[PDB]
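> this one's structure only:
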């Protein structure tokens, strides 16, 4: 039913790649 | 039913690539 | 039924590419 | 039903790759 | 039902790869 | 400069009240 | 400069009140 | 500079109150 | 500079109150 | 610079109060 192909070429990674990132950084 | 092909070429990554990022950064 | 081909060439990435980003940044 | 192929080529990784990262960083 | 193939090539890893990382870093 | 008064009366709460909620729910 | 008064009356709470909630729920 | 007063009255709490909650729940 | 007053009245607590909770619950 | 007053009244606590909780619960 569902098919997916992923091909990634990264030289230098400082962020997110195929990732899920959560940052609160709230202030009260 | 659903087919998807992904091909990404990144040299330097400082952000998000194929990612899901959440940032609150709320203030009360 | 649904077919999709993605080909991306990025040199330097500081933002979002094929991503979903959410930022609150609310103020109360 | 669901099929997925992942192929990643990373030279230097300082962030997240195929990962799930959570950071509170809240302030009260 | 569910099939997944993972192939990762990392040279130097300073972050997370196929990982789940949690960091509080809260302040009261 | 900025002044704000909040007064909320809730009987039963199943959603968000004075909150900031983020839901990805993306599909690739 | 900034002043804020919060007064909340909740009977039964099943959601978020004065909170910041993040849910990935992504699918690859 | 910044002043904030919080007063909360909860009878039964099943969710989040003045909290920051992060849930991955990702699928690969 | 920053001042904050918190007053919470809870009868029965099954969730989070003035807390920071992180749950991976990822699937590969 | 930073001042914070916390006053909490709990009858029965089954969750987190002024706490930081981390739960992996990942699956591979």
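That came through fine. Numbers count the residues shown, from 1 in each chain, chains lettered A, B, ... in the order given.

> these two touch, right, residue A:3 and residue C:1?
No: at 11.8 Å, residue A:3 does not count as touching residue C:1 under the criterion of C-beta atoms under 8 Å. (C-beta placed from N, C-alpha, C; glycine too.)

> which residues are common contacts for the two?
Common neighbours of residue A:3 and residue C:1 (criterion: C-beta atoms under 8 Å, 6 or more residues apart in numbering or on different chains): residue B:2.

> and those two? which has more neighbours close in?
Neighbours per residue (other C-beta atoms under 10 Å in any protein chain shown) separate residue A:3 from residue C:1, with residue A:3 holding more: 15 against 6.

> quick one: what helix or strand has that one in it?
Per DSSP states H and E: residue A:3 is located in strand A:2-13.

> Following the chain onward from that strand, which element is next?
Next along the chain after strand A:2-13, taking DSSP H and E as the criterion, comes strand A:16-17.

> what's the following helix or strand after that next one?
Moving toward the C-terminus from strand A:16-17, the next helix or strand (DSSP H and E) is strand A:20-23.

> So is that following strand next to chain E?
No: using C-beta under 8 Å from any C-beta of the partner chain, strand A:20-23 never reaches chain E; the gap is at least 9.6 Å.

> Tell me which residue lies nearest the centroid of chain A.
Geometric centre of chain A, nearest residue: residue A:19, 2.6 Å, by C-alpha atoms, centre = their mean.

> so it touches residue D:21, yeah?
Yes: the pair residue A:19 / residue D:21 is scored as a contact, 6.8 Å apart, by C-beta under 8 Å.

> Report the set of residues contacting both of the two.
Shared contacts of residue A:19 and residue D:21, counting by C-beta under 8 Å, 6+ apart, come down to residue E:16.

> so residue A:20 touches residue D:22, yeah?
No: counting by C-beta under 8 Å, residue A:20 does not reach residue D:22; the two are 9.1 Å apart.

> Have a look at the two and say which one is more surrounded.
Set residue A:20 next to residue D:22 and count neighbours by other C-beta under 10 Å: residue A:20 wins out with 31 against 27.

> Tell me the spatial nearest neighbour of the more buried one, not counting adjacent residues.
The shortest distance from residue A:20 to any non-neighbouring residue, by C-beta to C-beta, 6 or more residues apart in numbering or on different chains, is to residue G:24 (4.3 Å).

> my read: that neighbour touches residue A:16, true?
No: judged on C-beta under 8 Å, residue G:24 makes no contact with residue A:16 at a distance of 11.7 Å.

> Quick check: neighbours shared by residue A:20 and residue D:22?
residue H:24.

> Contact partners for residue A:4?
B:3, B:4, B:5, B:6, D:3, D:4, D:5, F:28, G:28.

> any idea how far residue A:7 is from chain C?
Distance from residue A:7 to chain C, counting by C-beta to the nearest C-beta, to the nearest Å: 10 Å.

> my read: that residue touches residue E:5, true?
No: applying C-beta under 8 Å, one finds residue A:7 not in contact with residue E:5, separated by 12.0 Å.

> Show me which of these two is the more surrounded one.
Shown here are residue A:7 and residue E:5; by other C-beta under 10 Å, residue A:7 has more neighbours (16 against 11).

> residues contacting the more buried one?
B:6, B:7, B:8, D:7.

> swap in residue A:25?
So residue A:25 contacts B:23, B:24, B:25, D:23, D:25, D:26 (C-beta under 8 Å, 6+ apart).

> does the third one count as helix, strand or coil?
When classified by DSSP: H, G, I helix; E, B strand; the rest coil, residue B:25 comes out as coil.

> Now do the contacts for the residue of chain A found nearest chain B.
Proximity to chain B, evaluated over chain A using C-beta to the nearest C-beta, is greatest for residue A:16 at 3.9 Å. Shown in contact with residue A:16 (C-beta under 8 Å, 6+ apart): B:15, B:16, B:17, B:19, B:21, C:19, D:15, D:16, D:17, D:19, D:21.

> let's see 7 Å
B:16, B:19, B:21, D:15, D:16 (C-beta atoms under 7 Å, 6 or more residues apart in numbering or on different chains).

> wait, doesn't the fourth one sit right on residue A:10?
In other words, residue D:15. No: counting by C-beta atoms under 7 Å, residue D:15 does not reach residue A:10; the two are 9.6 Å apart.
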